[PDB]
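J.: Following this message is one structure expressed as structure tokens.
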Protein chains: 2
Amino acid sequence: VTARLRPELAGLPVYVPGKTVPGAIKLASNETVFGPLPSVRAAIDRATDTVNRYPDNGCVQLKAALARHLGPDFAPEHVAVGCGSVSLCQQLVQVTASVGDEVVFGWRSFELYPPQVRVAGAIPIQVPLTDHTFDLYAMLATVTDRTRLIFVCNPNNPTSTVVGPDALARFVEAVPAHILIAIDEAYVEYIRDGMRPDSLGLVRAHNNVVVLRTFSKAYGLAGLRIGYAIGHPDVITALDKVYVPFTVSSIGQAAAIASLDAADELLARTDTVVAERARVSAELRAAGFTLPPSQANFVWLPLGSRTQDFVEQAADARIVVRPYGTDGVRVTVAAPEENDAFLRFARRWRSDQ
Amino acid sequence: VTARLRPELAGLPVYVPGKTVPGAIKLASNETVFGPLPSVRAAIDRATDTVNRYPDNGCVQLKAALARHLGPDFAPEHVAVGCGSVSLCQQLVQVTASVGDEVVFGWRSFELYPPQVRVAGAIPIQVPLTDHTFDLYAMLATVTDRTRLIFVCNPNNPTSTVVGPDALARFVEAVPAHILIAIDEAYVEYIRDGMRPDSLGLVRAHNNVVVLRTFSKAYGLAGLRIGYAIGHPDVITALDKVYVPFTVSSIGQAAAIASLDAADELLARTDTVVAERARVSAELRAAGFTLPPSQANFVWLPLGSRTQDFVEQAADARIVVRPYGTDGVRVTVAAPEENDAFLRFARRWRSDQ
Ligand SMILES: Cc1ncc(COP(=O)(O)O)c(CN)c1O
Ligand SMILES: Cc1ncc(COP(=O)(O)O)c(CN)c1O
């Protein structure tokens, strides 16, 4: 006899992380390539002095720094902080959804969403993409009385694309006002070409809109786990009710504050990533690959049934890229020498096809 | 109109942390008082270089070290790691309980249990203590067909006591074998007087027993959030299914590994805390305070309706102690000079009654 566990656990689609392989360049987790700035390193060591003490459960000084960086329309009451935006995704489910409820999102999208929804006893409504892009029209139509939460992943992980900014505004305006809408903006700092939506204006104009952002990519703290949500104080308060206490570490909070102080410097680096993104995209298309327009720090190769082969052969060339079933491969844009290694491999692989 | 949130959120008993008051003596969060060893800071220093990279989702190195420390009868498959044992408490609830299900625990016990149970839509069965100690007989009598999880907090937070080690074994033997029993051993390193149970023996003897331990107290890493569970590989596999990805940070893992390597030095320090505990207990009793026999790094003062006054008066003396309703005050055993400052206050307060 064994302990009786919940029946939902069997076949639960557990999250599978990007691999780390000795000897290989990693283009599978959308990480930026630079270690911490001197001031960030200093804050980590300063926080290390008092590691025997619990963190601030409320991340008070971080919220004050985030509110200031968000501008005059936002105060700390509009900000929740979580142990990665992955934690905030679960907290959103925990404040909205229970047994038999529905959570709507585009698919393929962040692989985190389905299992977290299922843990709540709710059902994920996975709405197909159109041209590798969230289909807001289709998502709206599938709303029912039991729809408790909607995720819009923008830019989308793993397809890299963004919806039209005006289209997003129309969507939010059309959704029944009682349904929480979470706009996942993990990659927002990489959006160019006038495609960034007025996400903060949407949270101002609508009490049911919450925006998720992260320190893991542009701010370079994927190792330390700081995500934040921007929303209406009632929603922020609810998220803080289900927050697992102390999960955002002291060192994480201090490192995040120091990163905010260096934001001009850190955000300027995204311009370089975007330049490589354009170059990687141009070279891949010149080789004969087709891929959608990326607004993130990665590209999406919809290789279908060939994704497994591409990834295995990439591994043989000491390059780690990220497979998504039989849909495609997500390739991070990183250092120029890593991007060149990937491009050389990609040309060679497609020639062999 | 506001976003519709779950009804269970209204009046949820949200976890209230111990206050942190700059300039005051903090005896409110059961923290140890020493900064990290140079070897631990060095491990953090090395990990700081790659904070741009995600942590190991599987905590492979840490699990291996934990399994070595647990001895020849335990391998990594018996160990789950969480972002604090507080996260593992939620994971336990997530693998066992949903709407209508029951979770039984002694009360007063860990403030964390009721809200996490309610977040699952489950029903907390709160079984009164007897002489400030878990009443295993009464808890057994409360078991039903809907009992999905049992918490035994040993030593108990906040009352500081343990049940008899044989009584614990008999309780485990008498609980129906399909019900998961979690033994919360956050303070196990402080148990003396032959009162420590054979919890690892119980795990080996029973597939439905899981033991929770932490790096936050004896190992002095409260700021960095590492807890671990020891159990049957099926339970561990299940806990890892609901684990929020990457929540145990890269720096936390490195610090925890370093702390295991320095376990002889760190564990030896528990003897000094134990000596202070006996000393403080004698000083309080001589000053007219009754208290149960503590096996933790804190004592429990069953002040009843006077706890608010005691805490307020302590606060005015620049001493932070932890109030629990109209039941009592939990006071951490910390540095000798800090304990003496508290004792001075305690004697003063006593004389004013
Ligand atoms: C859309 C999205 N949201 C959240 C996350 C998780 O980020 P964090 O490291 O802040 O948890 C990811 C990971 N790439 C993502 O793609
Ligand atoms: C019984 C018990 N369990 C778990 C915890 C949480 O410890 P951690 O810091 O590992 O989350 C505490 C905190 N005092 C506790 O008292």
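How things are named: the first chain in the structure tokens is A, the next is B, and so on; residues count from 1 in each chain; ligands count from 1 in the order shown.
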Define the interface residues of chain B facing chain A as those within 6 Å, counting only C-alpha atoms, and report them as a PDB file with N, CA and C atoms, in the first residue's frame.
T.:
```
ATOM      1  N   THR B   2     -14.926  44.508 -10.805  1.00  0.00           N
ATOM      2  CA  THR B   2     -13.572  44.049 -10.550  1.00  0.00           C
ATOM      3  C   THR B   2     -13.432  42.641 -11.088  1.00  0.00           C
ATOM      4  N   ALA B   3     -12.193  42.192 -11.230  1.00  0.00           N
ATOM      5  CA  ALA B   3     -11.935  40.811 -11.597  1.00  0.00           C
ATOM      6  C   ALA B   3     -12.529  39.903 -10.534  1.00  0.00           C
ATOM      7  N   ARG B   4     -13.193  38.848 -10.984  1.00  0.00           N
ATOM      8  CA  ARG B   4     -13.780  37.867 -10.099  1.00  0.00           C
ATOM      9  C   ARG B   4     -12.687  36.929  -9.589  1.00  0.00           C
ATOM     10  N   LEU B   5     -12.515  36.885  -8.270  1.00  0.00           N
ATOM     11  CA  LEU B   5     -11.518  36.036  -7.639  1.00  0.00           C
ATOM     12  C   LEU B   5     -12.221  34.967  -6.823  1.00  0.00           C
ATOM     13  N   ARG B   6     -11.469  33.965  -6.391  1.00  0.00           N
ATOM     14  CA  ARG B   6     -12.041  32.836  -5.673  1.00  0.00           C
ATOM     15  C   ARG B   6     -12.618  33.284  -4.323  1.00  0.00           C
ATOM     16  N   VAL B  14      -4.002  34.625   6.061  1.00  0.00           N
ATOM     17  CA  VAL B  14      -2.708  34.871   5.421  1.00  0.00           C
ATOM     18  C   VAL B  14      -1.569  34.827   6.451  1.00  0.00           C
ATOM     19  N   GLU B  31      15.536  32.741  14.044  1.00  0.00           N
ATOM     20  CA  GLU B  31      16.774  32.821  13.285  1.00  0.00           C
ATOM     21  C   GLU B  31      17.958  32.538  14.198  1.00  0.00           C
ATOM     22  N   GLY B  35      26.457  35.195  10.831  1.00  0.00           N
ATOM     23  CA  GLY B  35      26.653  35.315   9.394  1.00  0.00           C
ATOM     24  C   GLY B  35      27.309  34.062   8.849  1.00  0.00           C
ATOM     25  N   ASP B  49      28.926  34.592 -10.288  1.00  0.00           N
ATOM     26  CA  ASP B  49      29.440  34.782 -11.643  1.00  0.00           C
ATOM     27  C   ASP B  49      28.439  34.434 -12.739  1.00  0.00           C
ATOM     28  N   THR B  50      27.542  33.486 -12.472  1.00  0.00           N
ATOM     29  CA  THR B  50      26.615  33.007 -13.499  1.00  0.00           C
ATOM     30  C   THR B  50      25.147  33.166 -13.112  1.00  0.00           C
ATOM     31  N   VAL B  51      24.823  34.264 -12.429  1.00  0.00           N
ATOM     32  CA  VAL B  51      23.429  34.550 -12.081  1.00  0.00           C
ATOM     33  C   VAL B  51      22.567  34.838 -13.301  1.00  0.00           C
ATOM     34  N   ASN B  52      23.192  35.077 -14.454  1.00  0.00           N
ATOM     35  CA  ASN B  52      22.456  35.198 -15.715  1.00  0.00           C
ATOM     36  C   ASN B  52      21.883  33.863 -16.218  1.00  0.00           C
ATOM     37  N   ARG B  53      22.377  32.750 -15.673  1.00  0.00           N
ATOM     38  CA  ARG B  53      21.941  31.423 -16.085  1.00  0.00           C
ATOM     39  C   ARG B  53      20.917  30.892 -15.089  1.00  0.00           C
ATOM     40  N   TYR B  54      19.939  30.131 -15.577  1.00  0.00           N
ATOM     41  CA  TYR B  54      18.949  29.516 -14.686  1.00  0.00           C
ATOM     42  C   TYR B  54      19.612  28.520 -13.738  1.00  0.00           C
ATOM     43  N   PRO B  55      18.995  28.278 -12.564  1.00  0.00           N
ATOM     44  CA  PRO B  55      19.520  27.241 -11.680  1.00  0.00           C
ATOM     45  C   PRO B  55      19.251  25.856 -12.225  1.00  0.00           C
ATOM     46  N   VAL B  95      -0.221  17.632  -3.779  1.00  0.00           N
ATOM     47  CA  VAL B  95      -0.207  16.244  -4.239  1.00  0.00           C
ATOM     48  C   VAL B  95      -1.264  15.374  -3.544  1.00  0.00           C
ATOM     49  N   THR B  96      -1.913  15.899  -2.502  1.00  0.00           N
ATOM     50  CA  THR B  96      -2.845  15.094  -1.695  1.00  0.00           C
ATOM     51  C   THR B  96      -4.285  15.595  -1.600  1.00  0.00           C
ATOM     52  N   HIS B 178      -2.794   4.415   3.718  1.00  0.00           N
ATOM     53  CA  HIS B 178      -3.003   5.168   2.484  1.00  0.00           C
ATOM     54  C   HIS B 178      -2.972   6.686   2.691  1.00  0.00           C
ATOM     55  N   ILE B 179      -2.852   7.139   3.939  1.00  0.00           N
ATOM     56  CA  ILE B 179      -2.849   8.571   4.254  1.00  0.00           C
ATOM     57  C   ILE B 179      -1.422   9.072   4.439  1.00  0.00           C
ATOM     58  N   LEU B 180      -1.040  10.073   3.651  1.00  0.00           N
ATOM     59  CA  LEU B 180       0.305  10.647   3.734  1.00  0.00           C
ATOM     60  C   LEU B 180       0.484  11.386   5.059  1.00  0.00           C
ATOM     61  N   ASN B 207       5.711   3.612   3.685  1.00  0.00           N
ATOM     62  CA  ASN B 207       5.720   4.322   2.404  1.00  0.00           C
ATOM     63  C   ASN B 207       4.976   5.660   2.423  1.00  0.00           C
ATOM     64  N   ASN B 208       4.118   5.853   3.422  1.00  0.00           N
ATOM     65  CA  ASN B 208       3.270   7.037   3.528  1.00  0.00           C
ATOM     66  C   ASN B 208       3.780   8.077   4.536  1.00  0.00           C
ATOM     67  N   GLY B 220      21.610  28.033   9.054  1.00  0.00           N
ATOM     68  CA  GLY B 220      21.771  29.479   8.994  1.00  0.00           C
ATOM     69  C   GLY B 220      21.574  30.112   7.633  1.00  0.00           C
ATOM     70  N   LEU B 221      20.671  29.542   6.828  1.00  0.00           N
ATOM     71  CA  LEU B 221      20.417  30.036   5.469  1.00  0.00           C
ATOM     72  C   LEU B 221      18.973  30.494   5.257  1.00  0.00           C
ATOM     73  N   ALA B 222      18.355  31.036   6.304  1.00  0.00           N
ATOM     74  CA  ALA B 222      16.974  31.524   6.222  1.00  0.00           C
ATOM     75  C   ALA B 222      16.749  32.498   5.064  1.00  0.00           C
ATOM     76  N   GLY B 223      17.779  33.262   4.711  1.00  0.00           N
ATOM     77  CA  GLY B 223      17.683  34.231   3.636  1.00  0.00           C
ATOM     78  C   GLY B 223      17.634  33.648   2.235  1.00  0.00           C
ATOM     79  N   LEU B 224      18.061  32.392   2.073  1.00  0.00           N
ATOM     80  CA  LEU B 224      18.287  31.784   0.748  1.00  0.00           C
ATOM     81  C   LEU B 224      17.363  30.619   0.379  1.00  0.00           C
ATOM     82  N   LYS B 241       6.685  16.890  -9.323  1.00  0.00           N
ATOM     83  CA  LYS B 241       5.736  17.220 -10.387  1.00  0.00           C
ATOM     84  C   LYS B 241       5.104  18.601 -10.187  1.00  0.00           C
ATOM     85  N   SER B 249      17.085  28.717  -5.920  1.00  0.00           N
ATOM     86  CA  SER B 249      18.017  29.506  -6.711  1.00  0.00           C
ATOM     87  C   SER B 249      19.385  28.844  -6.830  1.00  0.00           C
ATOM     88  N   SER B 250      20.155  29.269  -7.827  1.00  0.00           N
ATOM     89  CA  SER B 250      21.500  28.751  -8.023  1.00  0.00           C
ATOM     90  C   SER B 250      22.381  29.065  -6.809  1.00  0.00           C
TER      91      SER B 250
END
```
J.: What lies within 7 Å of stretch 62-65 of chain A using only C-alpha atoms, ignoring chain neighbours under 2 positions off, as a list in words?
T.: residues 59, 60, 67, 68, 69, 76, 79, 253 and 257 of chain A
J.: Can you pull out the residues contacting stretch 277-282 of chain A? Cut-off 12 Å, using only C-alpha atoms, and skip same-chain residues under 2 positions away; I want them as a compact mmCIF listing (two decimals) with N, CA, C and O atoms, in the first residue's frame.
T.:
```txt
# COMPACT_ATOMS: atom_id res chain seq x y z
N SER A 160 7.82 33.38 -30.52
CA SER A 160 8.59 34.63 -30.62
C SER A 160 7.78 35.86 -31.06
O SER A 160 8.29 36.98 -31.01
N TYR A 190 12.59 43.41 -25.56
CA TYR A 190 13.17 43.13 -26.87
C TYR A 190 12.27 43.51 -28.03
O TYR A 190 12.70 43.44 -29.18
N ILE A 191 11.04 43.93 -27.74
CA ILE A 191 10.10 44.32 -28.79
C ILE A 191 10.57 45.62 -29.45
O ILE A 191 10.92 46.56 -28.76
N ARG A 192 10.56 45.63 -30.78
CA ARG A 192 10.90 46.81 -31.56
C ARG A 192 9.84 47.06 -32.64
O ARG A 192 8.74 46.50 -32.59
N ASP A 193 10.16 47.93 -33.60
CA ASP A 193 9.33 48.16 -34.80
C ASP A 193 7.94 48.70 -34.47
O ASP A 193 6.97 48.43 -35.18
N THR A 270 19.94 45.40 -24.82
CA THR A 270 18.92 44.74 -25.63
C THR A 270 18.99 45.16 -27.10
O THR A 270 18.61 44.39 -27.98
N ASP A 271 19.50 46.36 -27.37
CA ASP A 271 19.69 46.84 -28.75
C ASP A 271 20.66 45.95 -29.51
O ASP A 271 20.45 45.67 -30.69
N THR A 272 21.72 45.51 -28.83
CA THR A 272 22.69 44.62 -29.42
C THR A 272 22.08 43.25 -29.70
O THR A 272 22.37 42.65 -30.72
N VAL A 273 21.24 42.76 -28.78
CA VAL A 273 20.58 41.46 -28.97
C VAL A 273 19.63 41.51 -30.17
O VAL A 273 19.54 40.57 -30.96
N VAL A 274 18.91 42.62 -30.29
CA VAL A 274 17.98 42.83 -31.39
C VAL A 274 18.72 42.89 -32.74
O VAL A 274 18.23 42.38 -33.74
N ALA A 275 19.90 43.51 -32.75
CA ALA A 275 20.71 43.55 -33.97
C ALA A 275 21.13 42.13 -34.40
O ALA A 275 21.04 41.78 -35.59
N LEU A 284 19.28 32.90 -41.68
CA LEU A 284 18.43 31.71 -41.72
C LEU A 284 17.48 31.72 -42.92
O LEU A 284 17.33 30.71 -43.60
N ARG A 285 16.85 32.86 -43.18
CA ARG A 285 15.97 32.99 -44.34
C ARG A 285 16.76 32.87 -45.65
O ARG A 285 16.30 32.23 -46.60
N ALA A 286 17.96 33.45 -45.69
CA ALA A 286 18.83 33.32 -46.85
C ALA A 286 19.21 31.86 -47.11
O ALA A 286 19.37 31.46 -48.26
N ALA A 287 19.35 31.06 -46.05
CA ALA A 287 19.65 29.64 -46.18
C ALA A 287 18.43 28.81 -46.59
O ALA A 287 18.57 27.66 -46.99
N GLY A 288 17.24 29.40 -46.48
CA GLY A 288 16.02 28.75 -46.91
C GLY A 288 15.07 28.34 -45.79
O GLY A 288 14.03 27.74 -46.06
N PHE A 289 15.41 28.66 -44.54
CA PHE A 289 14.49 28.43 -43.42
C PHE A 289 13.37 29.46 -43.49
O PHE A 289 13.59 30.59 -43.92
N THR A 290 12.18 29.07 -43.07
CA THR A 290 11.11 30.03 -42.87
C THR A 290 10.86 30.16 -41.37
O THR A 290 10.84 29.16 -40.66
N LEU A 291 10.74 31.40 -40.90
CA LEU A 291 10.46 31.65 -39.50
C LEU A 291 9.66 32.94 -39.36
O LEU A 291 9.83 33.86 -40.16
N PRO A 292 8.79 33.01 -38.34
CA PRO A 292 8.01 34.22 -38.15
C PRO A 292 8.87 35.39 -37.65
O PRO A 292 10.02 35.17 -37.24
N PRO A 293 8.34 36.62 -37.69
CA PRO A 293 9.04 37.80 -37.17
C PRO A 293 9.14 37.79 -35.64
O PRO A 293 8.13 37.89 -34.95
N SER A 294 10.36 37.66 -35.14
CA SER A 294 10.60 37.61 -33.71
C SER A 294 10.63 39.00 -33.09
O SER A 294 11.22 39.92 -33.66
N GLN A 295 10.02 39.14 -31.92
CA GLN A 295 10.17 40.34 -31.11
C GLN A 295 10.71 40.03 -29.71
O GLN A 295 10.52 40.81 -28.78
N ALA A 296 11.41 38.91 -29.60
CA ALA A 296 11.99 38.45 -28.34
C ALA A 296 13.50 38.31 -28.51
O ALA A 296 14.06 38.89 -29.44
N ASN A 297 14.17 37.59 -27.61
CA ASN A 297 15.59 37.28 -27.75
C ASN A 297 15.83 35.85 -28.23
O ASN A 297 16.80 35.18 -27.84
N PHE A 298 14.93 35.37 -29.09
CA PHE A 298 15.05 34.06 -29.69
C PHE A 298 14.24 34.03 -30.97
O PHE A 298 13.42 34.92 -31.22
N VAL A 299 14.48 32.99 -31.78
CA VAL A 299 13.69 32.75 -32.98
C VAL A 299 13.07 31.37 -32.91
O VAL A 299 13.50 30.51 -32.13
N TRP A 300 12.05 31.18 -33.73
CA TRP A 300 11.24 29.97 -33.73
C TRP A 300 11.32 29.32 -35.10
O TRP A 300 10.92 29.92 -36.09
N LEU A 301 11.84 28.10 -35.14
CA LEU A 301 11.96 27.35 -36.39
C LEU A 301 10.88 26.26 -36.40
O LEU A 301 11.04 25.23 -35.75
N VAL A 331 15.37 28.84 -30.69
CA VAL A 331 16.80 29.11 -30.66
C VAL A 331 17.05 30.51 -30.10
O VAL A 331 16.59 31.50 -30.65
N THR A 332 17.79 30.56 -29.00
CA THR A 332 18.13 31.81 -28.36
C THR A 332 19.17 32.56 -29.17
O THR A 332 20.09 31.96 -29.75
N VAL A 333 19.02 33.88 -29.21
CA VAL A 333 20.01 34.78 -29.78
C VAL A 333 20.92 35.23 -28.64
O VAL A 333 20.48 35.91 -27.70
N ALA A 334 22.19 34.85 -28.72
CA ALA A 334 23.16 35.11 -27.66
C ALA A 334 24.39 35.82 -28.24
O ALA A 334 24.24 36.75 -29.02
N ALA A 335 25.59 35.38 -27.86
CA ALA A 335 26.81 36.05 -28.28
C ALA A 335 27.06 35.85 -29.76
O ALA A 335 26.72 34.80 -30.28
N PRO A 336 27.66 36.84 -30.44
CA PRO A 336 27.91 36.71 -31.87
C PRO A 336 28.65 35.43 -32.27
O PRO A 336 28.28 34.81 -33.26
N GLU A 337 29.66 35.04 -31.51
CA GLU A 337 30.39 33.80 -31.82
C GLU A 337 29.53 32.54 -31.62
O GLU A 337 29.72 31.54 -32.32
N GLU A 338 28.58 32.58 -30.68
CA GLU A 338 27.63 31.48 -30.51
C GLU A 338 26.60 31.48 -31.64
O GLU A 338 26.23 30.41 -32.15
N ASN A 339 26.14 32.67 -32.01
CA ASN A 339 25.18 32.81 -33.10
C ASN A 339 25.79 32.35 -34.44
O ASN A 339 25.11 31.70 -35.23
N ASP A 340 27.07 32.68 -34.66
CA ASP A 340 27.79 32.23 -35.87
C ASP A 340 27.96 30.71 -35.90
O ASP A 340 27.80 30.10 -36.95
N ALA A 341 28.28 30.11 -34.76
CA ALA A 341 28.38 28.66 -34.66
C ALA A 341 27.05 28.01 -35.01
O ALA A 341 27.01 27.02 -35.75
N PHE A 342 25.97 28.56 -34.48
CA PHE A 342 24.64 28.03 -34.79
C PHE A 342 24.31 28.16 -36.27
O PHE A 342 23.77 27.23 -36.88
N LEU A 343 24.61 29.32 -36.85
CA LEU A 343 24.31 29.58 -38.26
C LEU A 343 25.09 28.64 -39.18
O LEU A 343 24.55 28.15 -40.17
N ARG A 344 26.35 28.39 -38.85
CA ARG A 344 27.17 27.46 -39.64
C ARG A 344 26.55 26.08 -39.60
O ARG A 344 26.40 25.43 -40.63
N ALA A 346 23.38 25.38 -38.92
CA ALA A 346 22.07 25.42 -39.58
C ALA A 346 22.18 25.33 -41.11
O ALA A 346 21.41 24.61 -41.73
N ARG A 347 23.12 26.06 -41.70
CA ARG A 347 23.34 25.99 -43.15
C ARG A 347 23.70 24.56 -43.57
O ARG A 347 23.09 24.00 -44.48
```
J.: Please list as an MDAnalysis selection string every residue within 6 Å of residue B:214, counting only C-alpha atoms and excluding residues in the same chain fewer than 2 positions away.
T.: chainID B and resid 85 186 216 227
J.: Export N, CA, C and O atoms of the chosen residues as a tab-separated table (two decimals), in the first residue's frame?
T.:
```tsv
chain	number	residue	atom	x	y	z
B	85	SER	N	11.13	24.91	3.34
B	85	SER	CA	10.18	23.86	3.67
B	85	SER	C	8.73	24.37	3.56
B	85	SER	O	7.82	23.59	3.35
B	186	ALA	N	11.59	20.96	11.16
B	186	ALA	CA	12.34	22.20	11.00
B	186	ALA	C	13.33	22.46	12.14
B	186	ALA	O	14.38	23.06	11.93
B	216	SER	N	17.19	26.60	7.07
B	216	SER	CA	16.93	27.96	7.55
B	216	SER	C	17.35	28.24	8.99
B	216	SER	O	17.58	29.39	9.34
B	227	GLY	N	14.64	24.02	1.54
B	227	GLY	CA	14.07	22.96	2.38
B	227	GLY	C	14.19	21.65	1.62
B	227	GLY	O	14.41	21.64	0.41
```
J.: Which residue gives the smallest distance to ligand 1 among A:155, A:114, A:231, A:194, with only C-alpha atoms and all ligand atoms counted?
T.: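 Of A:155, A:114, A:231, A:194, the one nearest ligand 1 is A:155, counting only C-alpha atoms and all ligand atoms.
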J.: Could you pull the residues within 8 Å of residue B:140, counting only C-alpha atoms, minus those fewer than 3 positions along the same chain, as a VMD selection string?
T.: chain B and resid 136 to 137 143 171 174 to 175
J.: In Å, rounded to a single decimal, give me how far atom CA of residue A:324 is from atom CA of residue A:195.
T.: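 According to the coordinates, atom CA of residue A:195 and atom CA of residue A:324 are separated by 25.6 Å.
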J.: Quick one: DSSP strand (DSSP E or B) residues in stretch 24-263 of chain A, as a count of residues only?
T.: 42
J.: Could you jot down the atom CA of residue B:228 to atom CA of residue B:213 separation for me, Å, one decimal place?
T.: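 Separation of atom CA of residue B:228 and atom CA of residue B:213: 5.4 Å.
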J.: Using the chain letters and numbers from this document, which residues of stretch 118-286 of chain A does DSSP assign to helix (DSSP H, G or I), as an NGL selection string?
T.: :A and (118-119 or 136-141 or 165-174 or 188-190 or 199-205 or 233-242 or 250-261 or 263-286)
J.: Just the number, please: distance in Å from atom CA of residue A:108 to atom CA of residue A:122, one decimal.
T.: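 Those two atoms sit 18.5 Å apart.
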J.: What's the 12 Å shell around residue A:72, counting only C-alpha atoms, without same-chain residues fewer than 6 positions away, as JSON, numbers by chain?
T.: {"A": [64, 66, 78, 200, 204]}
J.: Suppose we keep N, CA and C atoms; can you now write the selection as a PDB file, in the first residue's frame?
T.:
```pdb
ATOM      1  N   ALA A  64       9.044  49.493  -4.028  1.00  0.00           N
ATOM      2  CA  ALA A  64       9.226  50.938  -4.143  1.00  0.00           C
ATOM      3  C   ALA A  64      10.103  51.265  -5.347  1.00  0.00           C
ATOM      4  N   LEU A  66      10.550  49.313  -8.056  1.00  0.00           N
ATOM      5  CA  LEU A  66       9.782  48.959  -9.252  1.00  0.00           C
ATOM      6  C   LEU A  66       8.728  50.017  -9.588  1.00  0.00           C
ATOM      7  N   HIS A  78       0.489  48.598  -6.493  1.00  0.00           N
ATOM      8  CA  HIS A  78       0.219  48.030  -7.818  1.00  0.00           C
ATOM      9  C   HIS A  78       1.213  46.938  -8.231  1.00  0.00           C
ATOM     10  N   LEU A 200       0.875  49.103 -19.793  1.00  0.00           N
ATOM     11  CA  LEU A 200       0.631  49.871 -18.574  1.00  0.00           C
ATOM     12  C   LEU A 200      -0.659  50.715 -18.659  1.00  0.00           C
ATOM     13  N   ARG A 204      -4.046  50.533 -16.328  1.00  0.00           N
ATOM     14  CA  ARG A 204      -4.701  51.744 -15.823  1.00  0.00           C
ATOM     15  C   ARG A 204      -6.188  51.777 -16.198  1.00  0.00           C
TER      16      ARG A 204
END
```
J.: Using only C-alpha atoms and all ligand atoms, can you tell me which of A:309, A:189, A:352, A:111 comes closest to ligand 1?
T.: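 Of all the options, A:111 lies closest to ligand 1.
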